[PDB]
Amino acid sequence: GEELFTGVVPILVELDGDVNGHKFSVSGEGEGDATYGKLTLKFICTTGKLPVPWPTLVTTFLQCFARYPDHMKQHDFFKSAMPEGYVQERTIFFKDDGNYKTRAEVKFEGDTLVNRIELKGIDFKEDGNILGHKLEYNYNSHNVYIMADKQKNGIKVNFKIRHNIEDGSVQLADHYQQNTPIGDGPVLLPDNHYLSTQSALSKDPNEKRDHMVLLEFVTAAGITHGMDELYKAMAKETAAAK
């Protein structure tokens, strides 16, 4: 489980997509440091130009690298499914636009953590913010709400992504997600909590292929450590010590 993430883990991401008949593929590589909740990744569209904005694919392109506070370790489903891994499925609704449906298998292949995805996008507007490439090349910080789904020995996940539109408006992308273990062994079914995520997007000035450089920090939160009473008592004692 979590002992597989104590150091720097190499990452490989592979995606095949089809959005309104526009077929494409993406290869990604990087490193994940779960002790810091840190991800450093670079994605390449291997089929030519990407037919959708790079930011629309960020959530599709590694929650097993989230930093879980020590007091929340028993709620880390993602690592508990390793090395066999988990299936991560989503429906992403772009408000007043199309939807993406995704299925990914996240697992170890030796020392490499692999994220293998298939993406299907339908009902997009050819002149909308996605197919029309009207989204800024940036990313907002979000909270990812996790709950146990004991019927599927997994988790149900929900959140709203806000993509900045070039005109100053916002393109909402409502995420519905479920993760189920690939293996038959025990997994950690969590209490309700969330992951706080921050992401930066950039370009490699030496890269001529269509690509995205991504830096992401992911931290679990929302479950009390229950030490408030202890620290309050320690503050009372200091006053008697001065």
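Note that residue numbering begins at 1 and tracks the sequence as displayed.
Unmodelled deposited residues between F61 and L62: none, 1 to 3, 4 to 9, or 10 or more?
Missing residues, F61 to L62: 1 to 3.
Decide which of the stretches 222-230 and 14-22 has the higher mean C-alpha B-factor, going by the entry.
Between 14-22 and 222-230, it is 222-230.
Of 40-48 and 183-191, which one has the bigger average CA B-factor?
In the deposited entry, the stretch with the higher C-alpha B-factor mean is 183-191.
Checking the record values for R90, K73, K95, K107, which has the greatest CA B factor?
Highest C-alpha B-factor among the listed residues goes to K73.
Highest recorded C-alpha temperature factor, please, choosing from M212, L57, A200, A173.
That would be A200.
Going by the CA temperature factor in the PDB record, which third of the chain does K152 belong to: lowest, middle or highest?
It belongs to the highest third of the chain when residues are ordered by C-alpha B-factor.
Using the B-factors in the PDB entry, rank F77's C-alpha atom against the chain and give the third, lowest, middle or highest.
Middle third.
Looking at the temperature factor on the CA atom of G132, which third of the chain's modelled residues does it land in?
Highest third, going by the recorded CA B-factors of the chain.
Taking the C-alpha B-factors as the PDB entry records them, is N206 in the lowest, middle or highest third of its chain?
Within its chain, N206 is a highest-third residue by C-alpha B-factor, going by the deposited values.
Which third, lowest, middle or highest, does the CA B-factor of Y139 fall in along this chain?
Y139: CA B-factor falls in the lowest third of its chain.
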